[PDB]
Amino acid sequence: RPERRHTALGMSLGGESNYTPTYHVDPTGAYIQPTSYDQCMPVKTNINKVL
Amino acid sequence: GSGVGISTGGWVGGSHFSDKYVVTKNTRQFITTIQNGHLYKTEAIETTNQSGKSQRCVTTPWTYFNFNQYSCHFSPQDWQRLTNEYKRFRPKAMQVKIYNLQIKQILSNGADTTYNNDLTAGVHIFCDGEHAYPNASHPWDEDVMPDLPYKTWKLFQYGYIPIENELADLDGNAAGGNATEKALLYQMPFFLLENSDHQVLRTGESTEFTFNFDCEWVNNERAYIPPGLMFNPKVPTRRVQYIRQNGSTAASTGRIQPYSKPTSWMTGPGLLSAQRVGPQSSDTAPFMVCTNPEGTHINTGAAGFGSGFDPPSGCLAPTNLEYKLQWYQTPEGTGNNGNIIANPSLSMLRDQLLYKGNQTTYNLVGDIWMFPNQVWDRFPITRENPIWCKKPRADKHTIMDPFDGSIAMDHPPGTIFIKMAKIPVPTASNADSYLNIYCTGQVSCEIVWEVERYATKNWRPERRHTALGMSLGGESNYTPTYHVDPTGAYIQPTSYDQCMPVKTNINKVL
Amino acid sequence: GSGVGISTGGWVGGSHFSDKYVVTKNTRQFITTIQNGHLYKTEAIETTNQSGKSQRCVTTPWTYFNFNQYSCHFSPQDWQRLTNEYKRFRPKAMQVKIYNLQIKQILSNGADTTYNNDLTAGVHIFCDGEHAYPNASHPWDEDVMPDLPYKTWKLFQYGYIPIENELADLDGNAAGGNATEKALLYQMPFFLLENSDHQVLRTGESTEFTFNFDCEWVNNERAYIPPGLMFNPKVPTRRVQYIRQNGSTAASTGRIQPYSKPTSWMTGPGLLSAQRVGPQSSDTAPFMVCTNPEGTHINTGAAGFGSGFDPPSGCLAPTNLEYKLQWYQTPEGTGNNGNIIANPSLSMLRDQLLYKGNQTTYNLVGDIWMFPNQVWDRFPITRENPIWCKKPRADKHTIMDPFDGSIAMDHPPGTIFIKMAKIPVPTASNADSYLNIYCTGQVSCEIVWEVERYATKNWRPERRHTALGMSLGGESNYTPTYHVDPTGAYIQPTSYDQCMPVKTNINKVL
Amino acid sequence: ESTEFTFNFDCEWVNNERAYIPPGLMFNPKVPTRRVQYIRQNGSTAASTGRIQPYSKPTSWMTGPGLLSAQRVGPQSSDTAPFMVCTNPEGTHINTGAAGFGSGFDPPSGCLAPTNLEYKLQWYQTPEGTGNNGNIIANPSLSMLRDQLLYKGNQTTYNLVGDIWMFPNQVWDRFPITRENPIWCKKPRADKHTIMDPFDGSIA
Amino acid sequence: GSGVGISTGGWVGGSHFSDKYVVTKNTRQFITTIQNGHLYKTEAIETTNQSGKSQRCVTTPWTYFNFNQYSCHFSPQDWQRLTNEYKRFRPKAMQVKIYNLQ
């Protein structure tokens, strides 16, 4: 089967007027921080390992 | 050693990913049977006959191996890893083996039937790599190798269309006498697979065929902006835009604005004008590619003669559902059940449009042809798409982009034909009775795929094909896509995104 | 030569004892059949449903060879001689051969069935030594190789648990919408044994697999005293014992008595607190090891999610029968019939206790965890115990002592999978009918065991496993243990001591 | 002028692979088991001996250690952690007690399921971040070697074991580190130490 | 040559992914200032003093480079590609350069 992967679709908009994605720069120049643990792209999620 | 009781080859499968190469091995269990009672026949293929659409094919005894689709060679895991980790891929080489043959006799007394292994019966196996016979494979056929390695592969009969029927219709009239119409029949080619030399194999024997591709790449990288935005909106431009007088407003000369600069690039070709026709029975496509030499007689007209060209819009935005490419996952699929519709891959070289402005406003250009400075991306193939298409042999041809996405090769992989060697039976009549047998065996296709890994200076994350992009199915609906129902049924993807298309994930600077 | 009519291998068996090595050879006659009609299926495993305990497994067509148990490799004579004459032993190397295959077709007309040998049918054989597929073998299964070399070995179907069911339960609610619960399903692995390459064998052919262990020893030597008595009661001690004031009695400082010196060593870990739960149907173990990630929905709770950890008391004295390890000799065994309960081996590193004193008296510490200076002996394995256990792949793990006694190996012997190659049958429908066959053959496991002989300065005799330690059984009850009933039934040991455990006979100075 | 410094690590791997099932389900539910489950008499119901069911086999593996018993204390100002690791040699004087002396050990639950938000690891992306603004809470990675629990059954039912210590046959995965986690941690210089898993996920 | 007016080193950055190795390069512009007026001091660190929690630290003039976090070394792209394509990773070697001082 397919496996889970960290995807940019796992991101949210932010900044002023809220059209800037995560990890991107606000019109003021501010860098949009991830708002959730999954936008931080943790390990031990994607790849499967037979026990 | 060799003989009955010594297996000819083992089972191969899996995939080995590298940086330069991907080697996908597969093995299936196939069954082929006596077709047409060992006869060649040319019969008319008739629909409900509500319209005069008809076809004529010559059906052989032969059956054939169709390896053309991605679903066969890649598992959903192998595909996901392919389209996530690699910007482009093509098939270096292909190796097919047919081994572990078993020819068994079918003994039927009343209802119950028994199976006895004769061991002296052979099978004919013929690979056409020169394409001297008409091609069996055609894109989007259901004859293709199965997805699941443990399913049996039932081969399909080989046939071909000797002539275009309505051209040969004989309908004519008393006034014309259809002389040019008979001339088409008089030269109507008839191909026997027995002309060529081919191998006859018994149970102990096997065979092997190797093919070497040379073809174009399949590019997995996405365009984030249209080629029209390839400029810098901060820098002013030197160009002038003169607008002629419109009504009251006077003609104005002025510098083009910095934020909208002129593009040197234009929309990839496609045709939105036409619409589908008629009932599901007749050929419905919006455009009909047909041949109508002078003097022949066509009574039905329209789609009776000619084959429909679909999808008509190559790069253009599929305004309507008619234009969107669509298929079924399973041959059991009926209307709206199990159908998958192509959706935007969100690649800006894909789903283009072109607007012709008048003085007051802009209007959609229905059909656009090849024009210089057109750039576009080929259809975002999924895992269920055909791999290749056979390019016709013709003097002249334009750029080859099949709008289904398949690669047009002038020498695709040869079609491997196989049939039961006819075992005659004594009969006092002319009834030319034969012995009823079938052959099952193990075919293994092993392809070497040439891949090249992406590299990017992009800071941000990129889209990837994820299993979270799947839906539940089956009975009680707790089984995911690409997984097996409690009954044993394999859960098919219900959406284009579950088919994991290319040209979605990886970004490419225009 | 090779072919039908030439046996591939002969029968091997017996044991050759040496000082350094013991080589135990065994050969059995196995039979495997078509499983699931050549399908993969994921179905719910449902109990009486008095409790919400449920399971979901994906059942394959494959069957497998389980060699894990001592009873298979050693006869009662070979075991007695092993445990009497040797202080420790481990499996150097293992060699499995599968030969003399016979694939026969099952012809059933009405009630009576006939068996015809086709000779062209193969079998798939696959050994997983990398453990890429889920492990088939689990300790204490009934699927293991038979004890008696003349009994037929019927293999069991291979299946595995793709997901924890209650985590995937779909139960949820209207408020939560079970998003994290679908996420577990969306990534639920699905393994096909057809992915990997494997061998296909006909009657003339055979195959062979070798394995090389590296693992810990199994120590047969007994502790005559606890590590707490490792002192000399005649010599005075320098230490002081201060006892705080208790009630009226004043605080007393004084030298510790010579006969009871302080021990630097503590009780091996174990858990006596928990007790078993519920009916025999549900999972009853005293402790439940479970996983409950946030956001998932569990309606049943308790043992519905999670697997029970038993025996809970690793080294501790089994206060109650619940804690004692227990099994059945024969799959026909029902409650109290043919069950064997583990008894004390009278090893003083085994069956330890720990008492927490207050001022007035001492009280039993219910559950003790890993603590420094803990020394203990592993479970005194008998001849019916599993040899090995598969250690999970995990970042961190503590000391590995399975309380069943088995050895935890991170790469145990590979599981050999075998199945009937599917022989398809022609059918006018989609009914995908197949030909009904089975395969019997001869498998021979030959293991090289690394042994080392004891030496002692003890003057006295030591305990040894003796045939006088047996009981009569069978009809008329004149047949001993490990012997054959007049009907032909093999008399099973009725007690733990007739199973000849280790860590009983030989003494080891602490 | 400039300068240059080179360092050579030798350390443990950071494993990115997920466990799809708990180690307790490592069996085959179709194959029967040889084991017996004896249940002592409970109330009226008599003691029953019987074969363990095929679908639930005993596991040889146990829950990774962690501590759920403690709870956080006091105002945000003082050290709030649920457990306090402190040193109090004899003869010294401590007036304040409690968390005044000692440093808090958090997150207390290493592998265990974070029953409450207090136990979940949490941080801020930006130093401008105040309460609930810009804070990120660790969530389940859906790895079955992670977020384990252990239930102690009595005769009638099962109950959660609050705090579990190192015990043999414990297997677990380290914290699912994100991109914002520290890479390493400095292991103290000490005579004895147990297994090193920092519950923040960093490498010691 | 060397001296004022000759830059000591250039800017490095990016990442090169391989099968065995990943080399993540980074360069930053740092600023350090006089701390404590060039003094060592041991002062009590006092909170609101609602509770008796207190701390004592000796503060140096020195400042230091902290490289410890993954966010520093990997971009979100380099991280995504790391965690999607690789089952395990560890830091072989580290090389720090301090140049172009002003």
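In what follows, every chain begins at residue 1, and chains take the letters A, B, ... in the order their sequences are listed.
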query = Which of residues 5-17 of chain A get closer than 4.5 angstrom to chain B, counting heavy atoms alone?
reply = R5(A), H6(A), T7(A), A8(A), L9(A), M11(A)
ask   = Do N26(B) and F74(B) come within less than 4.5 Å of each other through their side chains, counting heavy atoms only?
value = no
Side chain proximity check, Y224(B) to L346(B), heavy atoms < 4.5 angstrom = no
query = Is the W79(B) ring parallel, tilted or perpendicular to the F89(B) ring (thresholds 30°, 60°)?
reply = perpendicular
request  = Could you check whether the rings of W327(B) and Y496(B) sit parallel, tilted or perpendicular, using 30° and 60° as the cut-offs?
outcome  = perpendicular
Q80(B) portion near chain A, given a 4.5 angstrom heavy-atom threshold = side chain
ask   = Shortest non-hydrogen contact from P318(B) to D351(B)?
value = CD-OD1, 3.6 Å
inquiry  = Given the ring of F17(B), does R81(B) sit roughly above its face, with NZ or CZ under 6.0 Å from the centre of the six-membered ring and within 45° of the axis?
reply    = yes
request  = Grab the two heavy atoms, one from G405(B) and one from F379(B), that are nearest each other, plus how far apart they are.
outcome  = CA-CB, 3.7 Å
request  = May I ask you to say whether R350(B) pairs ionically with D377(B), meaning some side-chain N is under 4.0 Å from a carboxylate O?
outcome  = no
task = Would you check if there is a donor-acceptor pair between the side chains of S406(B) and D404(B) at a distance under 3.5 Å?
result = yes
message = At under 4.5 Å between heavy atoms, what parts of residues 498-510 of chain B are in contact with chain A? List them by residue number.
response = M500(B)
query = Does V144(B) have any side chain to side chain contact (heavy atoms under 4.5 Å, CB included) partners at least two apart in sequence or in another chain, and if so, which?
reply = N66(B), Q69(B), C72(B)
task = Could you tell me whether the side chain of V218(B) reaches within less than 4.5 Å of the side chain of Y70(B), counting heavy atoms only?
result = yes
ask   = Does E85(B) pair with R453(B) as a salt bridge, N-O distance under 4.0 Å?
value = yes
task = Can you check whether anything in residues 24-31 of chain A gets within less than 4.5 Å of chain B, heavy-atom wise, and list it by number?
result = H24(A), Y31(A)
inquiry  = A cation-pi test, strictly: NZ or CZ of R28(B) under 6.0 Å from the centre of the six-membered ring of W153(B) and no more than 45 degrees from its axis. Yes or no?
reply    = no
